[PDB]
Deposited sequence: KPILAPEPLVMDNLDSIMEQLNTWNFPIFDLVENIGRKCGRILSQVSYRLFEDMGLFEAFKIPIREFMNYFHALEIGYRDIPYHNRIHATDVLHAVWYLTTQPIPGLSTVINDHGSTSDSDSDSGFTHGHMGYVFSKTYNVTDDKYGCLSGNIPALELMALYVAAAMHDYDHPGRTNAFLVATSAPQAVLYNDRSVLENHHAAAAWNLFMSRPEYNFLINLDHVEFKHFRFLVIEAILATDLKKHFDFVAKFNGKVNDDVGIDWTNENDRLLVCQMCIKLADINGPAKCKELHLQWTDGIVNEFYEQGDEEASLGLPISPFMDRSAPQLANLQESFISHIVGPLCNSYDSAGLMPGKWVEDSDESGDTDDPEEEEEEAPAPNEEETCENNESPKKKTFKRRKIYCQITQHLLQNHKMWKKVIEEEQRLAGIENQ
């Protein structure tokens, strides 16, 4: 009766593709089509690979069967919509894993667990696993895996506008994120075979639950500039980052998942174009419903008058820009030296922003020509 699992736990046709999982531009849609897209068990497989890499199946003695049970039930939980679906959650999980277990130039490390490979040889390269205990990272990964659970396909402002029951039920204060965390944890505690945290302490499980819920609640876009200003003020004039603080580690994981959930405009051009296609389709669905209820149609959400490039340029300039700036100025972005330093992420960001600025300029130029 409960969503239990598929028969063989770790399917193996998707070998030699998870090997190229230590690269920032993971070909996620290739794996999606490779895996049977009929059913969808991508989230579970990528989660198993990542957790085996970190070694958390020995660092906490998590029984792999109940683990797969829970996460397959989770991926079944994700609705079938254009953007916020299980492919997106696998994206965000991989993004946080990469950001926390890949070499960071100029980071001084100090129970902790490192990535499987990681090539620990020098001192000028740190990783976030070398500053954050295993419990915090396991919490962060599970937070990323279940962070858009049962997404209705609408935004917070829409649910607040139409006064949806999810809006009344949560008092119009981060409706969707409360819903995601609530529904996910409910489903977790429902069955007994889902408890992949069976070998934890009372206090350990309490802390884990607290961190998971905090992480999921961090991805509320309304509280974006607040998080950015807090992370600026805590790296700019202070002593920097005292990693022994639990407040600092919490804020760092919150910023990390903030940056991971919005990572369309930080990959190669085709991947970002696919994500943008998804998000525009979802906005078009919402606008379609919104025009039918009599409400004035939302900006950017009119498939009969699209302003896609406007949206993407403004987004990259206002949302992902300052966030990546604050995340990098604190010297945490993963990159490499130059025998000063090369960072792939911000370069991709600049390239995509320039591309959308091309599209905007050309469109306005042609329209001003034709319409005089």
Unmodelled intervals of the deposited chain, in order: 111 to 131, 361 to 401
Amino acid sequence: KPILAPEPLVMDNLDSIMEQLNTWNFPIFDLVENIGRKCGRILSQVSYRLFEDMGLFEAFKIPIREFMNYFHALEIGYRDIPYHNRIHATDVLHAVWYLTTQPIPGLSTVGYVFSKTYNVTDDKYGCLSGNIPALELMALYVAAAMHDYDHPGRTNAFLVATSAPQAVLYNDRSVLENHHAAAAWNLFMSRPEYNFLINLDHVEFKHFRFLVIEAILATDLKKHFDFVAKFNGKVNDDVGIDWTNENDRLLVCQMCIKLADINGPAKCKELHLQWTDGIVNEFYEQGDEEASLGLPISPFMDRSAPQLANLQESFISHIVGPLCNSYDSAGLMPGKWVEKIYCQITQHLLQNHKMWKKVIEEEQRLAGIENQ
From here on, numbers count along this sequence of modelled residues.
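For clarity, a rigid core is taken as the largest C-alpha set superposing within 1.5 Å between two forms.
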Stretch farther from the shown model on average in 4 other deposited structures of this protein, with CA RMS computed after core superposition (34 to 42, 61 to 69): 34 to 42
Stretch farther from the shown model on average in 4 other deposited structures of this protein, with CA RMS computed after core superposition (235 to 243, 75 to 83): 235 to 243
